[PDB]
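Raw model-v6.pdb, PDB, C-alpha atoms:
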ATOM      1  CA  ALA A   1      -9.239  -3.345  15.418  1.00  0.00           C
ATOM      2  CA  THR A   2      -5.975  -1.516  16.092  1.00  0.00           C
ATOM      3  CA  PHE A   3      -3.159  -0.955  13.576  1.00  0.00           C
ATOM      4  CA  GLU A   4       0.306   0.186  14.603  1.00  0.00           C
ATOM      5  CA  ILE A   5       2.033   1.953  11.726  1.00  0.00           C
ATOM      6  CA  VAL A   6       5.813   2.055  12.176  1.00  0.00           C
ATOM      7  CA  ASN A   7       8.232   4.035   9.986  1.00  0.00           C
ATOM      8  CA  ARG A   8      11.552   2.176   9.996  1.00  0.00           C
ATOM      9  CA  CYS A   9      12.813   4.093   6.945  1.00  0.00           C
ATOM     10  CA  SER A  10      15.706   6.494   7.376  1.00  0.00           C
ATOM     11  CA  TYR A  11      13.490   9.182   5.783  1.00  0.00           C
ATOM     12  CA  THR A  12      10.263  10.838   6.840  1.00  0.00           C
ATOM     13  CA  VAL A  13       7.064   9.310   5.508  1.00  0.00           C
ATOM     14  CA  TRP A  14       3.515  10.661   5.606  1.00  0.00           C
ATOM     15  CA  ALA A  15       1.304   7.669   6.416  1.00  0.00           C
ATOM     16  CA  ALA A  16      -2.242   7.521   5.050  1.00  0.00           C
ATOM     17  CA  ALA A  17      -5.243   5.332   5.809  1.00  0.00           C
ATOM     18  CA  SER A  18      -8.511   5.434   3.882  1.00  0.00           C
ATOM     19  CA  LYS A  19     -11.380   3.241   2.744  1.00  0.00           C
ATOM     20  CA  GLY A  20     -11.873   5.151  -0.496  1.00  0.00           C
ATOM     21  CA  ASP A  21     -14.819   7.367   0.415  1.00  0.00           C
ATOM     22  CA  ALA A  22     -13.697   8.286   3.948  1.00  0.00           C
ATOM     23  CA  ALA A  23     -10.643   8.559   6.141  1.00  0.00           C
ATOM     24  CA  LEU A  24      -9.759   5.805   8.589  1.00  0.00           C
ATOM     25  CA  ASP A  25      -9.089   7.306  12.012  1.00  0.00           C
ATOM     26  CA  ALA A  26      -7.320  10.650  11.431  1.00  0.00           C
ATOM     27  CA  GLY A  27      -6.561   9.606   7.847  1.00  0.00           C
ATOM     28  CA  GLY A  28      -2.930  10.722   7.733  1.00  0.00           C
ATOM     29  CA  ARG A  29       0.077  11.740   9.789  1.00  0.00           C
ATOM     30  CA  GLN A  30       3.744  12.619   9.483  1.00  0.00           C
ATOM     31  CA  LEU A  31       6.051   9.831  10.705  1.00  0.00           C
ATOM     32  CA  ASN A  32       9.688  10.636  11.270  1.00  0.00           C
ATOM     33  CA  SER A  33      12.239   7.819  11.191  1.00  0.00           C
ATOM     34  CA  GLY A  34      11.325   5.471  14.038  1.00  0.00           C
ATOM     35  CA  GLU A  35       7.925   6.976  14.885  1.00  0.00           C
ATOM     36  CA  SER A  36       4.867   4.775  15.484  1.00  0.00           C
ATOM     37  CA  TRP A  37       1.268   5.772  14.962  1.00  0.00           C
ATOM     38  CA  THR A  38      -1.517   3.609  16.341  1.00  0.00           C
ATOM     39  CA  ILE A  39      -4.983   3.918  14.786  1.00  0.00           C
ATOM     40  CA  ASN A  40      -8.367   2.286  15.415  1.00  0.00           C
ATOM     41  CA  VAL A  41     -10.201   0.869  12.380  1.00  0.00           C
ATOM     42  CA  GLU A  42     -13.772   0.144  12.942  1.00  0.00           C
ATOM     43  CA  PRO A  43     -14.901  -3.507  12.822  1.00  0.00           C
ATOM     44  CA  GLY A  44     -16.477  -4.554   9.526  1.00  0.00           C
ATOM     45  CA  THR A  45     -14.428  -2.106   7.445  1.00  0.00           C
ATOM     46  CA  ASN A  46     -14.325  -3.345   3.854  1.00  0.00           C
ATOM     47  CA  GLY A  47     -11.628  -2.241   1.420  1.00  0.00           C
ATOM     48  CA  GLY A  48      -9.382  -0.290   3.758  1.00  0.00           C
ATOM     49  CA  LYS A  49      -5.907   0.629   2.558  1.00  0.00           C
ATOM     50  CA  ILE A  50      -2.785   1.923   4.267  1.00  0.00           C
ATOM     51  CA  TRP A  51       0.140   3.444   2.371  1.00  0.00           C
ATOM     52  CA  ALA A  52       3.121   5.772   2.644  1.00  0.00           C
ATOM     53  CA  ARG A  53       3.634   9.136   0.949  1.00  0.00           C
ATOM     54  CA  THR A  54       7.069  10.636   0.212  1.00  0.00           C
ATOM     55  CA  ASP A  55       8.413  14.196  -0.132  1.00  0.00           C
ATOM     56  CA  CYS A  56       5.335  16.023   1.124  1.00  0.00           C
ATOM     57  CA  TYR A  57       4.907  19.691   1.999  1.00  0.00           C
ATOM     58  CA  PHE A  58       1.822  20.872   3.898  1.00  0.00           C
ATOM     59  CA  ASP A  59       0.746  24.173   5.480  1.00  0.00           C
ATOM     60  CA  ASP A  60      -1.378  25.268   8.491  1.00  0.00           C
ATOM     61  CA  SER A  61      -4.669  23.963   7.022  1.00  0.00           C
ATOM     62  CA  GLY A  62      -3.036  20.634   6.068  1.00  0.00           C
ATOM     63  CA  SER A  63      -3.014  21.247   2.300  1.00  0.00           C
ATOM     64  CA  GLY A  64       0.044  20.696   0.150  1.00  0.00           C
ATOM     65  CA  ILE A  65       1.426  17.995  -2.121  1.00  0.00           C
ATOM     66  CA  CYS A  66       3.363  14.733  -2.027  1.00  0.00           C
ATOM     67  CA  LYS A  67       5.505  13.275  -4.770  1.00  0.00           C
ATOM     68  CA  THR A  68       4.088   9.768  -4.273  1.00  0.00           C
ATOM     69  CA  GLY A  69       0.710   8.767  -2.893  1.00  0.00           C
ATOM     70  CA  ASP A  70      -0.881  12.244  -2.833  1.00  0.00           C
ATOM     71  CA  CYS A  71      -4.578  12.058  -1.873  1.00  0.00           C
ATOM     72  CA  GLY A  72      -5.863  15.281  -3.395  1.00  0.00           C
ATOM     73  CA  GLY A  73      -3.336  17.452  -1.573  1.00  0.00           C
ATOM     74  CA  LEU A  74      -4.638  16.690   1.938  1.00  0.00           C
ATOM     75  CA  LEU A  75      -2.625  15.627   4.976  1.00  0.00           C
ATOM     76  CA  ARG A  76      -5.658  13.655   6.239  1.00  0.00           C
ATOM     77  CA  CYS A  77      -6.639  11.449   3.315  1.00  0.00           C
ATOM     78  CA  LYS A  78     -10.337  10.955   2.579  1.00  0.00           C
ATOM     79  CA  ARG A  79      -9.749   8.893  -0.537  1.00  0.00           C
ATOM     80  CA  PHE A  80      -6.958   6.921  -2.144  1.00  0.00           C
ATOM     81  CA  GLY A  81      -3.560   8.196  -3.184  1.00  0.00           C
ATOM     82  CA  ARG A  82      -1.974   8.798  -6.563  1.00  0.00           C
ATOM     83  CA  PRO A  83       0.300   5.938  -7.767  1.00  0.00           C
ATOM     84  CA  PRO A  84       2.991   4.760  -7.313  1.00  0.00           C
ATOM     85  CA  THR A  85       1.926   3.407  -3.881  1.00  0.00           C
ATOM     86  CA  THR A  86       2.768   0.100  -2.266  1.00  0.00           C
ATOM     87  CA  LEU A  87      -0.564  -0.882  -0.725  1.00  0.00           C
ATOM     88  CA  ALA A  88      -1.500  -2.650   2.469  1.00  0.00           C
ATOM     89  CA  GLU A  89      -5.094  -3.788   1.883  1.00  0.00           C
ATOM     90  CA  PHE A  90      -7.576  -5.274   4.317  1.00  0.00           C
ATOM     91  CA  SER A  91     -11.215  -6.210   4.833  1.00  0.00           C
ATOM     92  CA  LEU A  92     -12.223  -6.851   8.452  1.00  0.00           C
ATOM     93  CA  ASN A  93     -14.889  -9.151   9.950  1.00  0.00           C
ATOM     94  CA  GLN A  94     -16.129 -10.605   6.667  1.00  0.00           C
ATOM     95  CA  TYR A  95     -18.177 -13.589   7.875  1.00  0.00           C
ATOM     96  CA  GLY A  96     -15.927 -14.071  10.906  1.00  0.00           C
ATOM     97  CA  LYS A  97     -12.606 -13.642   9.074  1.00  0.00           C
ATOM     98  CA  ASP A  98     -10.133 -10.859   8.262  1.00  0.00           C
ATOM     99  CA  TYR A  99      -8.391 -10.669   4.858  1.00  0.00           C
ATOM    100  CA  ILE A 100      -5.074  -8.890   4.311  1.00  0.00           C
ATOM    101  CA  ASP A 101      -2.662  -8.482   1.430  1.00  0.00           C
ATOM    102  CA  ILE A 102       0.024  -6.276  -0.034  1.00  0.00           C
ATOM    103  CA  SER A 103      -0.529  -5.026  -3.581  1.00  0.00           C
ATOM    104  CA  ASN A 104       1.768  -3.680  -6.306  1.00  0.00           C
ATOM    105  CA  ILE A 105      -1.179  -3.172  -8.684  1.00  0.00           C
ATOM    106  CA  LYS A 106      -0.847   0.585  -8.136  1.00  0.00           C
ATOM    107  CA  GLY A 107       2.967   0.526  -8.292  1.00  0.00           C
ATOM    108  CA  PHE A 108       5.623   0.582  -5.572  1.00  0.00           C
ATOM    109  CA  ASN A 109       7.110   3.459  -3.621  1.00  0.00           C
ATOM    110  CA  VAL A 110       8.143   2.267  -0.131  1.00  0.00           C
ATOM    111  CA  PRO A 111       9.014  -1.289   1.060  1.00  0.00           C
ATOM    112  CA  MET A 112       6.483  -2.670   3.511  1.00  0.00           C
ATOM    113  CA  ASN A 113       5.777  -5.454   6.018  1.00  0.00           C
ATOM    114  CA  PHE A 114       2.130  -6.206   6.901  1.00  0.00           C
ATOM    115  CA  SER A 115       1.817  -8.570   9.901  1.00  0.00           C
ATOM    116  CA  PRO A 116      -0.731  -9.394  12.606  1.00  0.00           C
ATOM    117  CA  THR A 117       0.108  -8.674  16.240  1.00  0.00           C
ATOM    118  CA  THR A 118      -2.342 -11.384  17.410  1.00  0.00           C
ATOM    119  CA  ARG A 119      -2.408 -15.108  16.622  1.00  0.00           C
ATOM    120  CA  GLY A 120      -3.560 -17.367  13.866  1.00  0.00           C
ATOM    121  CA  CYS A 121      -1.996 -16.233  10.569  1.00  0.00           C
ATOM    122  CA  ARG A 122       1.265 -15.204   8.905  1.00  0.00           C
ATOM    123  CA  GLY A 123       2.265 -11.781   7.619  1.00  0.00           C
ATOM    124  CA  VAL A 124       3.277 -10.708   4.124  1.00  0.00           C
ATOM    125  CA  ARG A 125       6.157  -8.572   2.987  1.00  0.00           C
ATOM    126  CA  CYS A 126       7.456  -6.728  -0.061  1.00  0.00           C
ATOM    127  CA  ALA A 127      10.927  -5.396   0.833  1.00  0.00           C
ATOM    128  CA  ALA A 128      12.897  -5.776  -2.398  1.00  0.00           C
ATOM    129  CA  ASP A 129      14.556  -2.790  -4.082  1.00  0.00           C
ATOM    130  CA  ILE A 130      11.853  -2.358  -6.704  1.00  0.00           C
ATOM    131  CA  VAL A 131      12.586   1.357  -7.187  1.00  0.00           C
ATOM    132  CA  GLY A 132      16.258   0.709  -7.889  1.00  0.00           C
ATOM    133  CA  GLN A 133      15.539  -2.127 -10.337  1.00  0.00           C
ATOM    134  CA  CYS A 134      12.486  -0.462 -11.908  1.00  0.00           C
ATOM    135  CA  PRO A 135      12.240  -0.802 -15.716  1.00  0.00           C
ATOM    136  CA  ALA A 136      13.012   2.453 -17.480  1.00  0.00           C
ATOM    137  CA  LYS A 137       9.484   2.993 -18.833  1.00  0.00           C
ATOM    138  CA  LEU A 138       7.996   2.560 -15.345  1.00  0.00           C
ATOM    139  CA  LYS A 139      10.231   4.906 -13.321  1.00  0.00           C
ATOM    140  CA  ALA A 140       8.215   7.718 -11.833  1.00  0.00           C
ATOM    141  CA  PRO A 141      10.190  10.992 -11.842  1.00  0.00           C
ATOM    142  CA  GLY A 142       9.011  11.805  -8.311  1.00  0.00           C
ATOM    143  CA  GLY A 143      10.438   8.490  -7.131  1.00  0.00           C
ATOM    144  CA  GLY A 144       8.936   5.034  -7.068  1.00  0.00           C
ATOM    145  CA  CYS A 145       8.004   2.537  -9.758  1.00  0.00           C
ATOM    146  CA  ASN A 146       4.658   2.830 -11.568  1.00  0.00           C
ATOM    147  CA  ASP A 147       2.455  -0.073 -12.562  1.00  0.00           C
ATOM    148  CA  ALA A 148       1.894  -0.677 -16.286  1.00  0.00           C
ATOM    149  CA  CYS A 149      -1.811   0.230 -16.102  1.00  0.00           C
ATOM    150  CA  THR A 150      -1.002   3.709 -14.735  1.00  0.00           C
ATOM    151  CA  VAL A 151       1.634   4.294 -17.432  1.00  0.00           C
ATOM    152  CA  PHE A 152       0.057   2.854 -20.578  1.00  0.00           C
ATOM    153  CA  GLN A 153      -3.711   2.763 -19.956  1.00  0.00           C
ATOM    154  CA  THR A 154      -4.443  -0.345 -22.070  1.00  0.00           C
ATOM    155  CA  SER A 155      -7.154  -2.963 -21.537  1.00  0.00           C
ATOM    156  CA  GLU A 156      -4.452  -5.601 -21.011  1.00  0.00           C
ATOM    157  CA  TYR A 157      -2.509  -3.818 -18.248  1.00  0.00           C
ATOM    158  CA  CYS A 158      -5.663  -2.549 -16.518  1.00  0.00           C
ATOM    159  CA  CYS A 159      -7.605  -5.830 -17.010  1.00  0.00           C
ATOM    160  CA  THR A 160     -10.482  -3.654 -18.181  1.00  0.00           C
ATOM    161  CA  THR A 161     -12.501  -6.449 -19.828  1.00  0.00           C
ATOM    162  CA  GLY A 162     -12.077  -8.797 -16.823  1.00  0.00           C
ATOM    163  CA  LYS A 163      -9.753 -10.945 -18.843  1.00  0.00           C
ATOM    164  CA  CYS A 164      -5.995 -10.255 -18.983  1.00  0.00           C
ATOM    165  CA  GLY A 165      -2.791 -12.217 -18.515  1.00  0.00           C
ATOM    166  CA  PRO A 166       0.532 -11.593 -16.807  1.00  0.00           C
ATOM    167  CA  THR A 167       2.763  -9.151 -18.625  1.00  0.00           C
ATOM    168  CA  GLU A 168       6.456  -8.494 -18.832  1.00  0.00           C
ATOM    169  CA  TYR A 169       5.871  -5.540 -16.470  1.00  0.00           C
ATOM    170  CA  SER A 170       3.737  -7.474 -13.980  1.00  0.00           C
ATOM    171  CA  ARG A 171       6.293 -10.295 -14.009  1.00  0.00           C
ATOM    172  CA  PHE A 172       8.922  -7.771 -12.875  1.00  0.00           C
ATOM    173  CA  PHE A 173       6.933  -6.971  -9.708  1.00  0.00           C
ATOM    174  CA  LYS A 174       6.105 -10.637  -9.114  1.00  0.00           C
ATOM    175  CA  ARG A 175       9.723 -11.779  -9.384  1.00  0.00           C
ATOM    176  CA  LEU A 176      10.931  -9.272  -6.785  1.00  0.00           C
ATOM    177  CA  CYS A 177       7.853  -9.628  -4.520  1.00  0.00           C
ATOM    178  CA  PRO A 178       6.052 -12.961  -4.953  1.00  0.00           C
ATOM    179  CA  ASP A 179       3.803 -12.319  -1.902  1.00  0.00           C
ATOM    180  CA  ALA A 180       2.187  -9.166  -3.412  1.00  0.00           C
ATOM    181  CA  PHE A 181      -0.418  -8.832  -6.168  1.00  0.00           C
ATOM    182  CA  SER A 182       1.378  -7.928  -9.400  1.00  0.00           C
ATOM    183  CA  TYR A 183      -1.733  -7.475 -11.606  1.00  0.00           C
ATOM    184  CA  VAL A 184      -5.500  -7.555 -11.177  1.00  0.00           C
ATOM    185  CA  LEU A 185      -6.040 -11.278 -11.917  1.00  0.00           C
ATOM    186  CA  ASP A 186      -2.876 -12.427 -10.146  1.00  0.00           C
ATOM    187  CA  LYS A 187      -3.239 -15.676  -8.248  1.00  0.00           C
ATOM    188  CA  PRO A 188      -4.341 -14.323  -4.854  1.00  0.00           C
ATOM    189  CA  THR A 189      -1.724 -13.834  -2.158  1.00  0.00           C
ATOM    190  CA  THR A 190      -4.438 -12.898   0.358  1.00  0.00           C
ATOM    191  CA  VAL A 191      -3.941 -14.104   3.936  1.00  0.00           C
ATOM    192  CA  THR A 192      -6.908 -15.243   6.044  1.00  0.00           C
ATOM    193  CA  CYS A 193      -6.737 -14.192   9.706  1.00  0.00           C
ATOM    194  CA  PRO A 194      -9.203 -14.647  12.584  1.00  0.00           C
ATOM    195  CA  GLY A 195     -11.856 -11.958  12.716  1.00  0.00           C
ATOM    196  CA  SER A 196     -10.967  -8.914  14.863  1.00  0.00           C
ATOM    197  CA  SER A 197      -7.200  -9.440  14.655  1.00  0.00           C
ATOM    198  CA  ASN A 198      -4.746  -6.572  15.216  1.00  0.00           C
ATOM    199  CA  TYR A 199      -1.897  -5.585  12.920  1.00  0.00           C
ATOM    200  CA  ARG A 200       1.345  -3.727  12.396  1.00  0.00           C
ATOM    201  CA  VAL A 201       2.356  -2.071   9.126  1.00  0.00           C
ATOM    202  CA  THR A 202       6.110  -1.445   9.019  1.00  0.00           C
ATOM    203  CA  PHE A 203       7.622   0.776   6.333  1.00  0.00           C
ATOM    204  CA  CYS A 204      11.165  -0.246   5.340  1.00  0.00           C
ATOM    205  CA  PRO A 205      11.037  -3.477   7.391  1.00  0.00           C
ATOM    206  CA  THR A 206      14.620  -4.583   6.704  1.00  0.00           C
ATOM    207  CA  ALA A 207      16.559  -1.375   5.931  1.00  0.00           C
TER     208      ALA A 207
END
Please render this file's structure as structure tokens.
Amino acid sequence: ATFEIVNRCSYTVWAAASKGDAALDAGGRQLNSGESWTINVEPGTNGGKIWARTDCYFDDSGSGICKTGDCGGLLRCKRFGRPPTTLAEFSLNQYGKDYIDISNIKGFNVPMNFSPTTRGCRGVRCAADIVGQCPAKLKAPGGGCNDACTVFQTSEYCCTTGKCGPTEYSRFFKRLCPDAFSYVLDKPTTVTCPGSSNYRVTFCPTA
């Protein structure tokens, strides 16, 4: 499957793509405002994620740091990034279907559209100004809006026991972005697409 990753933000983003234990394609790349990066994700990939990182500095070897979404200080991410990170999530070719979603379970840093470029399913979007409206206790100094599990580390926010309800923090994410997961047991906003579809992730889809 092919994914086009488009940075429509007015600021530079460092895109990342990983399945947790390995990079997807090159795993990461700088995207200036307007740049597009097309990657190939291998069929059958389970638990892939794509996200944006902000305010990064890297050297020759590709080591450095980002203020949101840092994946162990690497330009080419091998594992997942440090919250807050708006997440495009996908599992491909699972019994003939593809499954996609956007998640705020690890916080929010950049607005995002996640849409197929082929037929047979709708896209999902979280493009509200969650950073600007972020509750005081959830603002990340580096920018972005943390999830309550990251901040407070309780069984309720992290759904540690497998049983947990919506919270005043999760309701904040859900009210601004109904089409994204706001907590672990949220009523699923997953979209079912035909197997072997292709996709476009757009950062800052409206502004």
Task: From A:118, A:28, A:192, A:199, residue lying nearest residue 94 (chain A) [only C-alpha atoms] - done: A:192
Would you mind listing what lies within 9 Å of residue 137 (chain A) as a PDB file with C-alpha atoms, keeping the file's coordinate frame, with all atoms listed in the file counted and same-chain residues fewer than 5 positions away left out?
ATOM      1  CA  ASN A 146       4.658   2.830 -11.568  1.00  0.00           C
ATOM      2  CA  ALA A 148       1.894  -0.677 -16.286  1.00  0.00           C
ATOM      3  CA  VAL A 151       1.634   4.294 -17.432  1.00  0.00           C
TER       4      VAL A 151
END
Task: Residue members of the PyMOL selection byres ((chain A and resi 140-142) around 10) in the file shown, as a PyMOL selection string - done: chain A and resi 54-55+66-68+83-84+107-109+131+134+136-139+143-147+151
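For the structure shown here, the set of residues caught by the PyMOL selection byres ((chain A and resi 165) around 8) is residues 156, 163, 164, 166, 167 and 185 of chain A.
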Task: From A:7, A:45, A:190, A:113, residue lying nearest residue 21 (chain A) [all atoms listed in the file] - done: A:45
Could you list the residues chosen by the PyMOL selection byres ((chain A and resi 80) around 8) in this structure as a JSON list (two decimals) with C-alpha atoms, keeping the file's coordinate frame?
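The result, stored in part_9.json:
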[["chain", "number", "residue", "atom", "x", "y", "z"],
["A", 18, "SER", "CA", -8.51, 5.43, 3.88],
["A", 19, "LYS", "CA", -11.38, 3.24, 2.74],
["A", 20, "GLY", "CA", -11.87, 5.15, -0.50],
["A", 49, "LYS", "CA", -5.91, 0.63, 2.56],
["A", 69, "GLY", "CA", 0.71, 8.77, -2.89],
["A", 71, "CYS", "CA", -4.58, 12.06, -1.87],
["A", 77, "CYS", "CA", -6.64, 11.45, 3.32],
["A", 78, "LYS", "CA", -10.34, 10.96, 2.58],
["A", 79, "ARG", "CA", -9.75, 8.89, -0.54],
["A", 81, "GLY", "CA", -3.56, 8.20, -3.18],
["A", 82, "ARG", "CA", -1.97, 8.80, -6.56]]
Can you sort out the box for region 70-77 of chain A, edges along x, y and z, all listed atoms in, 4 Å on every side, with centre and edge lengths in Å to one decimal, as AutoDock Vina command-line options?
--center_x -3.8 --center_y 14.5 --center_z 1.4 --size_x 13.8 --size_y 14.0 --size_z 17.6
Would you kindly identify which residues have an atom no farther than 8 Å from (-10.9, -2.3, 14.1), using only C-alpha atoms and the file's own coordinates, and write them out as a compact mmCIF listing (two decimals) with C-alpha atoms, keeping the file's coordinate frame?
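Output below, filename result-v3.txt:
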# COMPACT_ATOMS: atom_id res chain seq x y z
CA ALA A 1 -9.24 -3.34 15.42
CA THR A 2 -5.98 -1.52 16.09
CA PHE A 3 -3.16 -0.96 13.58
CA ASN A 40 -8.37 2.29 15.42
CA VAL A 41 -10.20 0.87 12.38
CA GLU A 42 -13.77 0.14 12.94
CA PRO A 43 -14.90 -3.51 12.82
CA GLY A 44 -16.48 -4.55 9.53
CA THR A 45 -14.43 -2.11 7.44
CA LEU A 92 -12.22 -6.85 8.45
CA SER A 196 -10.97 -8.91 14.86
CA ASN A 198 -4.75 -6.57 15.22
Task: Interatomic distance, CA of residue 5 (chain A) to CA of residue 187 (chain A) (Å, one decimal) - done: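 Computing it gives 27.2 Å between the two atoms.
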TODO: Determine the nearest neighbour of residue 182 (chain A) from the options A:63, A:170, A:155, A:30, counting all atoms listed in the file.
DONE: A:170
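Picture a line from CA of residue 76 (chain A) to CA of residue 100 (chain A); it runs 22.6 Å.
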Task: Nearest-residue call for residue 191 (chain A), choices A:121, A:50, A:149, A:65, using only C-alpha atoms - done: A:121
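A straight line drawn from CA of residue 176 (chain A) to CA of residue 11 (chain A) is 22.5 Å long.
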